[PDB]
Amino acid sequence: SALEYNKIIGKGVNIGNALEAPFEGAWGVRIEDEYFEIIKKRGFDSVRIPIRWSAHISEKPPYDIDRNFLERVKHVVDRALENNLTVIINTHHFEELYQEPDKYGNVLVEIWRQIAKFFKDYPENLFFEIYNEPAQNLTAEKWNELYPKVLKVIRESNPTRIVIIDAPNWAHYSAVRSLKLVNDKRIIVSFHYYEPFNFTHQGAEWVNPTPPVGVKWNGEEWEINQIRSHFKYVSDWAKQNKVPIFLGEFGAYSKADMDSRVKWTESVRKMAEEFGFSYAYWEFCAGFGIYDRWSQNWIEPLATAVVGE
């Protein structure tokens, strides 16, 4: 039945550079109501909404999320659900957790206690995702310890809602094997795919050091074969552990030449489809965007590379 839920993720897109910034709009995107209609009409099944809850909580236990922030996330979720999209909400960019997980693990626990309580009565097509891209000091070991704790508390108020568990090491495809799965029939494991990194993140200012621009991805056979090896590796593991897979982010930065981006994106997307993985493109309208807010239209053929059909 987890597999049937994964199928309602289907074809997805992240709304990035929005609520996972230190505040909404700081990174260039404010989520407009009309985007959900636009995304649904284009052919997507789902949206994934990164959210930096840790920027809108009290310092003192039990770390109350600010009420106006919760109402803003409720509005966004509501608009997406009213467009009959599956919705995934996460916690994202919890900077202290990356550095000091032992110290901040219980804050993540309490954030999730509140969100889970707030959304408990929501329809089944709202999924929760405990944390985006565990990495740094939140090691595979420490993540295997923390995530079941958060899940326990989500389950107290939401006994059956799908919960997405990311692989550690920035949700690298390889990191799937280092995940210790709990016995829960309502989880989906997620990886993010940006290989080759030198191509998808060429010119990216936020990476140190910035890989140089001008890197090509040609869609040759050995290149395609590379994607298949990575995805077969995840599939093999997922089949053995009886767990659905969500490719929760993939995309190539717009400093890459468009032709390469199109071929890479189409290839990655077709590979996720080949192995039965749901997916969410990174991302809707910012630096990796498939939608142009100024021209008010999809960027083609990259959008088609994502959506297919």
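All residue numbers are counted from 1 along the displayed sequence.
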item	value
Stretch with the higher entry mean CA B-factor, where the candidates are 186-194 and 81-89	186-194
Mean C-alpha B-factor comparison - 44-52 and 63-71, higher one	63-71
Maximum C-alpha temperature factor, selected from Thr200, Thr210, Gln114, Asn125	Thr210
Given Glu129, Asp121, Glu133, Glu205, the residue at which the Cα B factor reaches its maximum	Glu205
Modelled-residue ranking by C-alpha temperature factor, third containing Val243	highest
Chain-wide C-alpha B factor ranking for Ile8, given as lowest, middle or highest third	middle
Chain thirds of CA B-factor: placement of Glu283	lowest
Among modelled residues of the same chain, the CA temperature factor third for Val307	middle
Entry-reported Cα temperature factor of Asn17, expressed as the chain third it lands in	lowest
